[PDB]
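Here you get one chain, nothing else, as structure tokens; it is the form solved without the ligand.
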């Protein structure tokens, strides 16, 4: 017979690194908002791979693009041109209204590319002396697991025991304009990288006006405003970009995750010529970056978000989700927050009952989520979910929470 869920857990423990502690569930099928485990049980996916399957699992139009291109050409390396990359570059740069895109594969690679752009721009355009360029980050940031990315983290589990660390990274509190103004008095600051909503930190939503204030301060001190929209972008928060809520145009925009609908690792660095062209030929790249298969997938993935109006759906349905979640008892749910369909609740941890137990029982009742930083449960279903399906999920949440 096939392997059971426990067999699947047991096998990974024996042969795979122990760098995760996943929730005890073993999935083998996904379609739209639903996942199925190897026992055949059906679950609502309320994580969406942390917003990488915004378009739902195995969306037929993205699947069709992958199957069609894989019969033609999948990788030449950037030693040669392929016929797809430029069609995708034109499409994505028009869509977000930046002059150029640099293609990469993973979110952290886009972040690393952004820091390289910022330093090279800082040295060659702003006039900072080599190598005094600084990049400022916000406490609670997450942008990946390279040595550079953990060097800016304030989470000791990310960086403790992995040093020495990348120099030139300063940290200030999130959602704090006086702190950014103070930090930007240093003329050697080249960039400030920030998430419009902090995902891994627990859907930390900054106050209204924060992104407007970041834009103004960065311009006033000619610092590059790097917006990490790898988790918040692509309709998840109710707009094409989370920064659209404040009509703000960052200097560099990072995309990833849902850029492929979950079918391929595709990430992107968007910015205008004055920044993008400080990197000259031979000075940056990637084996798989810009390959034609990922490019066909990402075009189709972006078309799904636009043609199915997923941003407005995420907006309307996010209002319903948060209003219903706020009806839960304060003794159990300490906070509800989010924008669009990127939301989270905070569980009043005791000696016994905590967010991990809630997620175990959510799983028992047919809904999959997971805690972050202990007491914060993220609720982030695919943007293709319908109102009826959302309300059925809310009743699962209510049944679970009100069962303790």
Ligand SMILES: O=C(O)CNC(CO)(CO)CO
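Positions refer to the first chain, counted from 1.
Here the subject shifts to the form deposited with the ligand bound, a form of this protein not shown in this document.
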| request: Answer with yes or no whether residue 128 is in contact with the ligand in the deposited bound form, where contact means some heavy atom within 4.5 Å. | output: no
| message | Given that the ligand is not shown alongside this chain, does residue 174 nevertheless sit within 4.5 Å of it in the deposited bound form, heavy atom to heavy atom? | response | no
| field | Proximity of residue 167 to the ligand in the deposited bound form, heavy atoms at 4.5 Å | value | yes
| query | Given that the partner is absent here, does residue 151 sit within 4.5 Å of the ligand in the deposited bound form, heavy atoms only? | reply | yes
| query | Heavy atoms within 4.5 Å of the ligand in the deposited bound form: which of the stretches 158 to 166, 83 to 91, 241 to 249, 296 to 304 has them? | reply | 158 to 166
